[PDB]
Structures are given as structure tokens and as C-alpha cells.
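The structure appears below as C-alpha cells.
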There are 4 protein chains.
Amino acid sequence: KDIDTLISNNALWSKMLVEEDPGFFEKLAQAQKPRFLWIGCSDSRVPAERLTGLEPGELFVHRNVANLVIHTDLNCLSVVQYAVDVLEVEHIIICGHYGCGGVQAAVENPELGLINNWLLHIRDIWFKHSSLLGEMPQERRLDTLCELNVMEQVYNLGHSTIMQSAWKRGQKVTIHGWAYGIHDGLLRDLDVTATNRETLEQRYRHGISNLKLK
Amino acid sequence: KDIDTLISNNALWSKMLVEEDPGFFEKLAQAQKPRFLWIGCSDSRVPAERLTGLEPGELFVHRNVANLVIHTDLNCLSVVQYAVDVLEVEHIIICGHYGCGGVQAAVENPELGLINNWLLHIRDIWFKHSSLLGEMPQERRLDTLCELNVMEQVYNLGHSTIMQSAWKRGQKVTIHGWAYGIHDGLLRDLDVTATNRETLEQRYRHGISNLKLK
Amino acid sequence: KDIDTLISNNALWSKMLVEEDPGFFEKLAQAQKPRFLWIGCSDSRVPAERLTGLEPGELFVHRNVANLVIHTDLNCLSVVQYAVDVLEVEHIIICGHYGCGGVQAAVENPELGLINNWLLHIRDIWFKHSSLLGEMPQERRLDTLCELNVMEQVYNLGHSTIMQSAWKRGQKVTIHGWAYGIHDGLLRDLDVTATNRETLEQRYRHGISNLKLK
Amino acid sequence: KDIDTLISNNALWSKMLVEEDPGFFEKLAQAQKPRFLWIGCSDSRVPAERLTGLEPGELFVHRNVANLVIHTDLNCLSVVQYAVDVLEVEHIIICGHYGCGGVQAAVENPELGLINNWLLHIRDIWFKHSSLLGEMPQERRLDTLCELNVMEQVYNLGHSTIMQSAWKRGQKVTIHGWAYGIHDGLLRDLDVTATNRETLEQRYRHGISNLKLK
Ligand SMILES: [Zn+2]
Ligand SMILES: [Zn+2]
Ligand SMILES: [Zn+2]
Ligand SMILES: [Zn+2]
């Protein structure tokens, strides 16, 4: 699967749509504004279009390593602010995935070079929930960290100035934390949904105690 | 399409796939290492997987507003480092797209807030090629800027410590600059493909100088 | 004191010192690399040279709001990698200060604009130590947070790939965590001094537990 | 010097000041907002206090390697936004210095590791002003680069959203670009002083033009 193969597939796929479904390229030319912002991992095990049955132009996307929303990452923060203040999306979905190489490397902590600084933020979370994790069986720990990561990133995004001041002026925006597994591509909703300052907090706290129950 | 319709489509898609033709989840479980890193725009007008016929898991993906590789952006540089040092991808494709809202905002320069700062890196490019751009009919400057911007991020990518150090140690990594439009989804190779320090410079230079003809 | 006056203070002072102490500049013209790196706050309540009696060129300096060492801030990590890998400093001091405007604004959390995102890193610490902080009076929480901040930034610095690879190639580098008051200018060693991976973890746990005693 | 010798230097100084220059902690007790924000290099060869005679509490300070203001460095833009919006400083001075190790490395491009990424922002400037620099004696090129660096950082600072929305809402803020050398400590004004976006641009254009005639 060389590069010249990608060029040639694209050419066959485009040449077939031009003549056979003129549809497509008009839907895109409709240039309709996105309504969701997907914040996912660069592993991109199962593309978000495939996972949700969303069409091109309906998803705004950011992908870094391990779905993080770092308080001071201007790259991710810039995606969010464009999305919210300019594109006026209504839904921001942060979605992790069980078996994430990033999450796993955060715990095993191999010497991988520069990436380990990025992965320190996920380690912060593993130690933050030491007790919660030490109480559940050794074999369900990684998956749970993957879930906590996503809860924490939802927490962070809600505390961003972008989101706090978007809610405060009345604009409708809803954050969601999800995860999918690769055994079945099924999206599990983590029930940490937020539409203002209050739910954000409630749902996050509820989210941590719901985990303490195992 | 609102949030209840995405949770439903996914359960239909999943389970529907598993019961009639399940050998897909098998192949994913093997978690084979991706060979391409795709750095694209958050707009994602046409997803990379649909452009190229790359399957799930065949590509690492980063997306930010206007597919930028900023010298000092630890987000994109972490993706790139992980992909190169740890996953050992052979190809990095930076793909821009004609009509990008980022690229347009960069030139029109409306008051958008936080995002404008990120966009200054594109504005830098606009003024860098003010002569080239000025000797060209007004109506072509946006599409030209779009290519110029990809050419510059590729150039940026190969100058990073990560790429300089992969090439020097003999690792095989090739960097590409592409762009597509929405009228036909057809990929154009902007022809700045680089496999070492030397071709990086020569390709960049001819990339610019062959625009100055056209 | 407007600009006109800073230029004249500087002119007078330069003229004066060229007539009456040319050695001042003879000392500075030398290949003498700094021995210490100072990470302090942009408040710069009492400068570092006057706290310690350190002289021109004996220290490398970084200052940001609340003297943070964020896992993924390339600004501060660039200053560190340069100091350690290139200038080969032997001591890194992170110094906070009681009354720090940055810390105070973290807790009181006014709507200050863009800076609030920077400060969420301190709020993380305010909530990490929610119990210890919660069981003291309101007035004393600000000074404890200040020392807690300094301890947590030493921790982060110790965990950074730069310190990690430095310590394991057997380079001599000591991290310190200090704080000064503005009733004295007296430097309290917060007693988290780290020479290696091992002392780093010990001293950090020592630090937090010894605070929780009082 | 030694770490014990920094603590006792300090201890000594803290009594020989508490009632011998008694009006030091009298001044700082009044936690008065600085009027100046100084953005300088981590080299800090001659401190800003000693150069200008500015007293403790009168300046806010940011230092990074080679005194940069990157469009998307949140560390430096955070200091700036807090300085301007919260502290309401009237003056921001970016000061570079001749013989800056950061500028020199940018040109000569040794492999120093992580810092090279940061210095690529200076390499861009080196190349941006290729003709200017080539039309001068080679011996003069590093000094001119150091100055062009300050000018370009000033340009960046004035184009950030923090500065644009401060000048649009009538707040009085003046940006200046200075440099000094170690041979006499004498500040040199590079004359890019701007109080709004219109003079920012004019001042930059003539900054570059007057170098060309010289
Ligand atoms: Zn992942
Ligand atoms: Zn775009
Ligand atoms: Zn402070
Ligand atoms: Zn310097």
C-alpha cells in the first residue's frame, strides 16, 4: 500500500462520483456549518464518521494523542473557540477508546522521548484516582483510566474561558464524554454530560462516585 | 442530525455489522501499527479515509485549524514524535483544502477572538509571498495561499528536531504536501515530497518558483 | 517614572560605570556560563539577584505567571532543556512568593480573561489538596497553596523527560523549591530538594505530609 | 558560589535591609501595580532593574530564550494579557541583547535538542531578512539579527488579540523595542515605539527600511 496507490484510489473514487452521484459535491458545496466538534485520539481506530454515521461537513474534528484537553494547549483550545464562537456548534463530544496506546504508555511509562511530557497529564489522573483504581480488580484498571481521562478532559473543557463565557452569554453548547471499544465499536456514554456550570460539576462528581461503586 | 440519532446509528451499525459480517473487529484486534500520519484541517470536509481508501487503523491523524505545523506547538509535535519514533510511520501527509475557512479568515482578518492568534501563522505566510500573490489575479490568491500554507508546514515539519533526527539516523520517512477541493474531491500533489534534508530544501524552492511561473 | 526617565537613568549609569569600574564589563565579557536556573513569578516582587546576592550572568531566568512548570509548556521546557543540556547548570530553583497575585486570583477566580486558562493549573492543585486546605482558616489557605504550587512544579520538573534523561545519564542537577515573604524577604527552603528520580518522590511525599501535620 | 551561600547571603541581607534601608519593605507593602512589563531573554546578562534603575514592584517580567513573542505561545501571551487587562501596565518593552546565545545558535544551527524548535522562530527571521543581511559586512550580521528579532517580536505582540482588543477599547499601552550590549550596558532604542496598530505597522516598515540605508 504505497502512496501512489492512495493517489490512484482517490482518482478512481472521485472519477466515479463525478459521473455517477453528482450529489455529493453539491452537498459539500452547500458548505453547511458543522454542528458537532469531535475531540478524539490520533490512533483513530474507528473513524468518527463511521462510528456515528455522520456525513462529510457535519463534523469538526481535532485529534491529538489520547484525547486531551490541556488547560493551556492553544492548538486544542483554538479548535474549540473557533467551533463555539464562530461555527456555533451545539455539541462537543470528547471520545476516548479502550486499548489506547497513549493511555497505556502513560501507565507503563516507557522512555518514548518527547511524547511522555504530553502523557504526564494522563499520569496526573492515574495518581489522582489511586484509591478508586486500587479498589477495583487489576485487569479493569486501564479501561477505567481511559474513562477517567475522558471525564477529566470534559471537566477541563468546561473550565476553559471559552466555554465558561459561552454558557454565561446564553449560547447553547453541550459537552459529552464517550468511549468506544474495538471488540464491538459500540459507543458507551459516560454520563458526564454538561450544559452549564452546575451540571458540569454535578455530572463530573456523580461520575467519580459511580465509579467508586466497584 | 442531533445527539440521540448518533447513539442509535452506532448501535445499529455495530451490532448489525457483527451479526452479518463480523471478520472486521477481528482484523482491528490485531491492532496493526499505522503506516501513515495524516495532518489535516479540523474542517475535515472530506475525511482522509474516504479520500484515500485507507481503512480504520491504517493512519494516525492530527487535525487543527488549517493544518498547521508550528515550530513550537507541542500538540502537533507530540503526535509527530510518537508517530515517527514509536510507530515508525513511513509517510506524513499534510493536506490542506481549497476554500478552508481558517485560511480565508487569515486574509480577511475579521475579529474572531482567540483563533486569530493561531491564524497569524498563516498571515505570516500571506505577507511572505506578497509579491508572488500580488502578480497573480485577485481571485486566485486564496487557493494559492492554501497551497503555500501546506508547502510551508511541510517545510516546517522537516526542520523540526524530530524529522532532522529521524533522517540523520537513517530512518525512512517521507513527507508530502497535498490539497483537495470540494468540486471533485480530487487530491493534488503539490510536489514537495521529501525524504531527507536536501530534497526538503530543493522541493520547497521549486514549489515556490514553479508557482511564480504559473 | 516614564520611558524618558529610564533611558536617562540607563545613560547616566552606563557612562558612570565605564569611567569608574570597567571591570564590571570585563567580568561579563567572559565565557562564564550560569550555574543556576531560576524559575520565578512574573510579579518579580523582589528580584532574584537581590534576594540571593547573585550577580549578572550567574543565573538563567524564566518567569511566568505564578512560576508554573506545566508538563506541556514548550516555553518553560525550552528554557530548562537549554539550561541543563547546553549551559549545564547545577541547580534549578523554583521560587514562589507569599501574596502572589497569580495564586490569589486562582482561588478567588474572578473573570479575568485569557489568563484564567493558565491559572487552572493552580486550581488543579487547590482541588488536589482539598482536604488539607479545607481544614484551615480562609486567611492561611493562600500561603499554603503558594508552597503547594512550588512543590508541585518541582515535581513536574523532576518528571519531565529533560530532567529524567539528565538524571539517568548521570549529570549533576539539583532542583529546589523556595518561597519568600514580603515582610522580610526571607527565603524559606520548602525542603523538596531533588538530586535524582528517587529523592524526588521521597522529598515530595515528605513535603505534603509534613504540611498536613501542621 | 554555593546553595548555602545563597541562603546566608539572603539571611544577612534581610536584616541589613529590615532597618538599614528601612523604606524597602515599606514601599513593597503597598502592593502597587507595576507600570511596565519587561519581556527579555533568560540570559538576563544585565538585569532590567540595574539597567533602567527600576525598583522592585515597578515592572512585571517575562523571560524566555531569546526574548520571543510567538503568535501561539500561551506562556508569554498569558503574562501579556494579565499585565494589560488586569494590571493595566502602560508600557511593554521587549529588550534583546547583542551576543545572545539564543540568536547565535539560531544562525549556526548546532544540534542542541529540544530548544532548536524554539530557535526556529529566529531562523525564520534570519532567512526573511536574507538580502538585508547579505548587503552588510558579515561581522555585523549577528547584531543586526538580534535587533530584527526584537522588531519582529514587537510586530507579533502588537498583532496579538490581546493587544488589538486593548487598543480598540482605548486603553493606553505603548510597546517598545530595545537592545543592549555587554560592552557598556547602554540601552539602544530601535525606534519601533507604537501606541496602536497603525503606528505599529508604520514603525515596523521604517524599522526595516532604515537598517537598509545604514
Ligand atoms: Zn488512542
Ligand atoms: Zn480548513
Ligand atoms: Zn507572583
Ligand atoms: Zn539571550
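Side chains included, hydrogens not; waters and symmetry mates left out as well; all remaining heavy atoms used. Residue numbering restarts at 1 for every chain, and letters A, B, ... go by the order of the sequence lines.
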Within the side chain of [X], is there an N or O that forms a donor-acceptor pair under 3.5 Å with the backbone of [Y]?
{"X": "B:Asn149", "Y": "B:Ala66", "result": "yes"}
{"X": "B:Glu147", "Y": "B:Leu190", "result": "no"}
{"X": "A:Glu49", "Y": "A:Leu54", "result": "no"}
{"X": "A:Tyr82", "Y": "B:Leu112", "result": "no"}
{"X": "A:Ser44", "Y": "B:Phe60", "result": "no"}
{"X": "D:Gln153", "Y": "D:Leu68", "result": "no"}
{"X": "D:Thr144", "Y": "D:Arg141", "result": "no"}
{"X": "A:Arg35", "Y": "A:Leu59", "result": "no"}
{"X": "B:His62", "Y": "A:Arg63", "result": "yes"}
{"X": "B:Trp126", "Y": "B:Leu145", "result": "no"}

Which atom pair, heavy atoms only, marks the closest approach of [X] to [Y]?
{"X": "D:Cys146", "Y": "D:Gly96", "value": "SG-C, 4.2 Å"}
{"X": "A:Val79", "Y": "B:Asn64", "value": "CG2-CA, 4.3 Å"}
{"X": "B:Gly158", "Y": "B:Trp167", "value": "O-CZ3, 3.9 Å"}
{"X": "A:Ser78", "Y": "B:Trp118", "value": "OG-CB, 3.8 Å"}
{"X": "B:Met163", "Y": "B:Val84", "value": "SD-CG2, 4.0 Å"}
{"X": "B:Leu148", "Y": "B:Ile208", "value": "CD2-CD1, 3.4 Å"}

[X] [atom1]: over 12 foreign heavy atoms closer than 6.0 Å:
{"X": "B:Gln138", "atom1": "CD", "result": "yes"}
{"X": "B:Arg188", "atom1": "CZ", "result": "no"}
{"X": "B:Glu111", "atom1": "CD", "result": "no"}
{"X": "A:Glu19", "atom1": "CD", "result": "no"}

For residues [X] and [Y], determine if any side-chain heavy atom of one lies less than 4.5 Å from a side-chain heavy atom of the other.
{"X": "A:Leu6", "Y": "B:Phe36", "answer": "yes"}
{"X": "D:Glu201", "Y": "D:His206", "answer": "no"}
{"X": "D:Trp178", "Y": "D:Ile94", "answer": "no"}
{"X": "D:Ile92", "Y": "D:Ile39", "answer": "yes"}
{"X": "A:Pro47", "Y": "B:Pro47", "answer": "no"}
{"X": "C:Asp73", "Y": "D:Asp73", "answer": "yes"}
{"X": "D:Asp124", "Y": "B:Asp124", "answer": "no"}
{"X": "D:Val80", "Y": "D:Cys76", "answer": "yes"}

Derivation and outcome, side chain to side chain contact (heavy atoms under 4.5 Å, CB included), residues D:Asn156 and D:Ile70:
CA-CA 7 Å; D:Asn156 287 340; D:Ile70 297 136; 6.0 Å; no
Under the criterion side chain to side chain contact (heavy atoms under 4.5 Å, CB included), I'd like the reasoning laid out for B:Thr195 against B:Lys172: C-alpha separation, chi angles, the key distance, then a yes or no.
CA-CA 7 Å; B:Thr195 63; B:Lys172 263 209 188 87; over 6 Å; no
Is the shortest distance from a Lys or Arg side-chain nitrogen in B:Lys128 or B:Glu152 to a carboxylate oxygen in the other one below 4.0 Å?
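Looking at B:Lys128 and B:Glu152, the cut-off is met.
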In terms of the angle between their ring planes, are D:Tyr204 and D:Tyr155 parallel, tilted or perpendicular, with boundaries placed at 30° and 60°?
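Parallel.
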For the residue pair D:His91 and D:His176, does the interplanar ring angle fall in the parallel (under 30°), tilted (30 to 60°) or perpendicular (over 60°) class?
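Tilted.
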Before you tell me yes or no, could you show the steps for B:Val46 and B:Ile182 under side chain to side chain contact (heavy atoms under 4.5 Å, CB included), namely the whole-Å CA-CA distance, both residues' side-chain angles and the distance that decides it to 0.1 Å?
CA-CA 8 Å; B:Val46 193; B:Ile182 290 313; 4.0 Å; yes
Verify whether one side chain among A:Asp2 and A:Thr5 offers a donor that lies under 3.5 Å from an acceptor in the other.
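A pair is found: one side chain offers a donor N or O, the other an acceptor, under 3.5 Å apart.
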Are B:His183 and A:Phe25 near enough that their ring centres are under 6.0 Å apart?
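Not under 6.0 Å, so no.
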Test B:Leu119 against B:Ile122 for side chain to side chain contact (heavy atoms under 4.5 Å, CB included), laying out the working first.
CA-CA 5 Å; B:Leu119 297 188; B:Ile122 291 175; 4.2 Å; yes
Per the side-chain contact (heavy atoms from CB on, under 4.5 Å) rule, which among B:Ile162, B:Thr161, B:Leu74 passes with B:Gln81?
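For B:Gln81, the side-chain contact (heavy atoms from CB on, under 4.5 Å) check succeeds only for B:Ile162.
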B:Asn75 CG to D:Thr72 OG1 distance, which is reported to the nearest 0.5 Å
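With rounding to 0.5 Å, CG (B:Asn75) is 11.5 Å from OG1 (D:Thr72).
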Just verifying a value: how many Å separate B:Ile175 CD1 and B:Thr193 OG1, rounded to the nearest 0.5 Å?
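So the gap between those two atoms works out to 9.5 Å.
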Let's go through D:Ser160 and D:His71 carefully: what are the C-alpha distance in whole Å and the side-chain angles of both, what is the deciding distance for side-chain hydrogen bond (donor to acceptor under 3.5 Å, both in side chains) to 0.1 Å, and is it a yes or a no?
CA-CA 7 Å; D:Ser160 66; D:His71 303 315; over 6 Å; no
